[PDB]
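Participant: structure for this input, please:
(9 chains)
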Amino acid sequence: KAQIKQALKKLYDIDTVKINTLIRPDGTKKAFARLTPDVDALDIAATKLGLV
Amino acid sequence: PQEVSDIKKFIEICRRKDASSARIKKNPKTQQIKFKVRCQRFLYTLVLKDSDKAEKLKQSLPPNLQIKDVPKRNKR
Amino acid sequence: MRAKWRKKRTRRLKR
Amino acid sequence: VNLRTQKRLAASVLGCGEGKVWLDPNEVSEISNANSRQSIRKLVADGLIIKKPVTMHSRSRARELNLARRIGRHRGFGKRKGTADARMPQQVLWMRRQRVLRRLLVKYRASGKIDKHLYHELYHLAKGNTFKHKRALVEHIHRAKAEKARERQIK
Amino acid sequence: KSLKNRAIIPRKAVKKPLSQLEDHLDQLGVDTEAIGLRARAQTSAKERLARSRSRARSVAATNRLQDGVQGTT
Amino acid sequence: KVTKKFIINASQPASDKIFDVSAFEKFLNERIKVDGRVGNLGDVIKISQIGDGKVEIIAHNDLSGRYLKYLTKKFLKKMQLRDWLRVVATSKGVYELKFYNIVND
Amino acid sequence: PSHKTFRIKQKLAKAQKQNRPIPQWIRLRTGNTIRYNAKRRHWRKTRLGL
RNA sequence: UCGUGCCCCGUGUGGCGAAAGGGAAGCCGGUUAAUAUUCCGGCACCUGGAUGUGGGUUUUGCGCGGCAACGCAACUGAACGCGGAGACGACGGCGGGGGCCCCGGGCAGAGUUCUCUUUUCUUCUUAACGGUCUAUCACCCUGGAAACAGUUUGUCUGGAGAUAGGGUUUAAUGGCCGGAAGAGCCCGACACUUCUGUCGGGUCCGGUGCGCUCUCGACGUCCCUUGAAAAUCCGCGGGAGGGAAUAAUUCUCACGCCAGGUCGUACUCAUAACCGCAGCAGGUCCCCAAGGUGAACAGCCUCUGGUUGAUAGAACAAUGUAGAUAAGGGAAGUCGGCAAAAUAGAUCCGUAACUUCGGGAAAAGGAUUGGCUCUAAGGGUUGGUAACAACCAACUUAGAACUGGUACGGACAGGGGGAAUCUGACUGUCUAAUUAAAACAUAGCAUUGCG
RNA sequence: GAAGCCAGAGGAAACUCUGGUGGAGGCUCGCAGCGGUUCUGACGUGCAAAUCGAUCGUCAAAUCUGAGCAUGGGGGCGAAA
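Facilitator: Numbering: from 1, shown residues only, chains lettered A, B, ... in the order given. See the structure here:
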């Protein structure tokens, strides 16, 4: 989680309050990063993450 | 949760820097009013009988400490 | 009490 | 038209078993289109899904049977299946009798009708099974007090 | 009544048929058209994300069995 | 002594002349039982009519609104309106008789 | 079990990713000899042997 | 500057090994198609680390009070030692507490309603974490007891100090308060193509117990059986050092600041997710456990919750498998009373030989059991011959009248008994898949070798 | 219904008797569990390479049972077949 939050901060200028992690049944890792209330996940996903 | 039985102690808790919110619960079936202040560690509550001392104390809180009356329904 | 807590106190004093 | 998922979701929403969930048979298409818990709650609010009331279980006959046995019916020799000790333990009866007698003796000593020596004697007699019940103990106390008064009058 | 195996559905949870009510009141003898049951009886990024959610639930994203060939023949 | 006011409002079925208010008052008069057997209305229990399909009951004993609802349901069962009329406690000590919900067909 | 080791879970992850039929574009290659997955596994047919 | 040197302690000096042992800390409500003590909201806690404020202590340097048990928001404490916790069997009755079960009233809702039924049923809830007042044992002060007293269902305690009086304390899943009614739940009225909801009312007061379950406490019994260890934590002895008024503070007090890594978490746990070659009547370790009858987690019926899945339709021959009945006789049957029938619960009368005196023994052999209406006995709390008044309460026991009858433990459930002989002392164990036994083992007895 | 204990009637005492209390026993009836006595039992290419039904033994212990560990074939283990 410490590496994941640094990676998010260095890549997308994303600051996270907390991060949960699980390991999926196929073997990859899924991370739920909850943002600060001062930023909008809709705005970040629309501008940077391209998830519309 | 902690209950304070002293008006001046509730005032000092309100002047404490960690106090982020204050709210008011009015119980008309019981005839009481509760002032609840949210600090960092503890939620401090003061119970009073329904009177004008409640509004006097409302004036006695600092204006920076934002205060709300609770609604009838706790809708999300 | 315990040596770690006493060491914390004396380290606070040293700092 | 399969509504197994809808019945399971409605049971989860209503907090009951799946045998208590009623789905309206005239709107199976609307229930099928309802595919989430929010839609299930909307159908519950609209009245399409109803929680059925509980199947009836009354305790009336048990209550008249209890009142009849309180009056004294159904207590004959042909209505007993366990031994007398099994229905009513004689050890429990002795415990209750001893507690009653000791309570009465303590009350009498506190009130001052009897003194410490007579209290100790009656305590050991009640332990040694002289008294069947409180009335017997009170009668013996009165008789002992009367004979003590007679001895004092003679002296 | 089938109270041995199940409980009766409450009357407030079942909508009453109009013609059946009219028929029962007509055996009872009241003037139904005069008392008038007819009127009383009853009958953007957020948008893009919502569309994406609807499409994600409706259609699967990929088909690994059949994504290798594209023409219908 | 305590006094309790109970109101039974059958204004809509009375104006529809479906529910007989005088017959309901009679049904209350020889169905209300005080001290375990019927015919003890006396001065303790008073049943009268104001009008607009309303019956008032004055109770000096512990006569319950549940019992009055029970007697109203019994009268509705007798006059074959149990499946079509409903007794609802709309207010404190006030029971309204009203139609069930109807759908067009 | 629910209590499982990371090594065991990693090997079940590989087994789940291996559980698939062959892609349909494999069958139309020139000189193709593969008609079906001959190492397909099912939870009730053969055991993983872990 | 330190990365270099100087001391001090030195008896001892590794790792692995438990998802049921020991262990630092999280509860409630809501949310998904599938996860939740993990998400969301609210409200907390523990550990580690820094670092201030308030308060405390101190020019009598490291607190004050109570006779004492000890109390209070703090109230210095190195080496080296001491002690406690961790840390402990099985069984029996008793007492307290939570939860469940049962009874009554009240609000709302549902059902019945030929007749009866002020009726029957459903909701009426309060977590973690804290404050405060209490809770068996035990301990302390006064005092000195035989005419011995106190006291448990159970006989223990007391001049090594009892009774009594007054207190101090380990222990909550107890009362009130905060959390917290704003939640959850129940009911009603409008809006409502959807989007979506909106607004009102209530959530109350009591009782009972040889009831079920868990936990706690004081006891008692058994042993030629005495029923783990370690990590970790705390107190004490000791006084080494460090300590004040340009204030100091090495305060286990309150509040405030920061952080908490890795891995598992779906689902089944079985008449279909495990093993048995299978979706096999087999086998496979645990937690919760409603109502009635009844001694009873027996058998039978029901509620919550789950199923209605195990190829179907028609007909009713022989012979079958399973369940039954049968006039008169009653073992004449058969190698052999094999099998079936017969007895069976509870109350009372009564019970032989033999015997290691403990048993045999439920010996044997007899008399009864339904329903209804009554009577009688067995209790608690409060109140100055109180041997009396008021209030409250549930289950047993005995007696009497009346009454139906072919039958009354009306189904279920449930010993046939006796006279002898051989045999092994008994309880126990074995040939998984043909032999459970006079076999084996056992206690008791004897012998042998070894300082 | 064993010790221990209480009361009463005797007995100079020791002790005798009676009524209680108590809750011991590798005691007993019996549910679960464990086991496997009997039936011209069912089944006999079976549901089953040992199952099913009724019945029976035991059921507070020399009772039943999981997990971790130990003993490995000219070996172990054996209340002994």
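
Participant: need the contact list for residue D:12.
Facilitator: Counting by C-beta atoms under 8 Å, 6 or more residues apart in numbering or on different chains, residue D:12 touches residue D:37. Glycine gets a C-beta too; all of them are placed from N, C-alpha and C.

Participant: C-alpha coordinates for the host helix or strand of it, CSV please?
Facilitator: Using DSSP states H and E, residue D:12 falls within helix D:4-14. Below are the C-alpha coordinates for helix D:4-14, written out as CSV (Å, rounded to 0.1, in the frame of the first residue of the first chain):
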residue,chain,number,x,y,z
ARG,D,4,-35.8,-17.5,-8.2
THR,D,5,-33.3,-14.6,-8.0
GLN,D,6,-36.2,-12.2,-7.4
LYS,D,7,-37.6,-14.4,-4.6
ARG,D,8,-34.2,-14.6,-3.0
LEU,D,9,-33.6,-10.9,-3.2
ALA,D,10,-37.1,-10.1,-1.9
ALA,D,11,-36.5,-12.5,1.1
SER,D,12,-33.3,-10.7,1.8
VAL,D,13,-34.9,-7.3,1.6
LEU,D,14,-38.0,-8.2,3.7
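
Participant: give the buried residues for that helix.
Facilitator: Buried residues in helix D:4-14, counted by 16 or more other C-beta atoms under 10 Å in any protein chain shown: D:6, D:7, D:9, D:10, D:11, D:13, D:14.

Participant: excluding residues flanking it in the chain, which one is nearest the first one?
Facilitator: It refers to residue D:6. Leaving out its chain neighbours, the residue that sits closest to residue D:6 by C-beta to C-beta, 6 or more residues apart in numbering or on different chains is residue D:31, at 5.3 Å.

Participant: and what of the third one?
Facilitator: Nearest-residue entry for residue D:9: residue D:40, 4.8 Å, with adjacent residues in sequence omitted and distances by C-beta to C-beta, 6+ apart.

Participant: repeat for residue G:25
Facilitator: residue E:68 is the one closest to residue G:25 (C-beta to C-beta, 6+ apart), at 2.7 Å.

Participant: got the contact list for the one you found?
Facilitator: Applying C-beta under 8 Å, 6+ apart, the residues near residue E:68 are G:23, G:24, G:25, G:26.

Participant: angles on the backbone of residue F:59, please.
Facilitator: Main-chain torsions, residue F:59, degrees, to the nearest 10: phi -130, psi 130.

Participant: nearest residue to it in space, please, no chain neighbours.
Facilitator: The spatial neighbour of residue F:59 that comes closest, neighbours along the chain excluded (C-beta to C-beta, 6+ apart), is residue F:4 at 4.3 Å.

Participant: residue ranges of the helices in chain G, please?
Facilitator: Here chain G has its helices, by DSSP state H, at G:6-18.

Participant: hang on, the earlier thing: quick one, what contacts the residue nearest to residue F:59?
Facilitator: By C-beta under 8 Å, 6+ apart, residue F:4 lies in contact with F:58, F:59, F:60, F:63, F:93.

Participant: before we move on, what about residue A:8?
Facilitator: Residue A:8 neighbours (C-beta under 8 Å, 6+ apart): A:14, A:16, A:33.

Participant: helix/strand/coil for it?
Facilitator: Classification of residue A:8 using DSSP: H, G, I helix; E, B strand; the rest coil returns helix.

Participant: for chain A, what's its nearest residue on chain B.
Facilitator: Relative to chain A, the nearest point of chain B is residue B:20 (13.5 Å; C-beta to the nearest C-beta).

Participant: counting neighbours, what do you get for that residue?
Facilitator: Using other C-beta atoms under 10 Å in any protein chain shown, residue B:20 is surrounded by 11 other residues.

Participant: dihedrals phi and psi, the closest residue to it other than its chain neighbours?
Facilitator: Distances taken as C-beta to C-beta, 6+ apart put residue B:38 closest to residue B:20, at 5.5 Å, once the chain neighbours are dropped. Reported as degrees, to the nearest 10, the phi and psi values for residue B:38 are phi -100, psi 110.

Participant: ok, residue B:38 touching residue B:13?
Facilitator: No - counting by C-beta atoms under 8 Å, residue B:38 does not reach residue B:13; the two are 10.3 Å apart.
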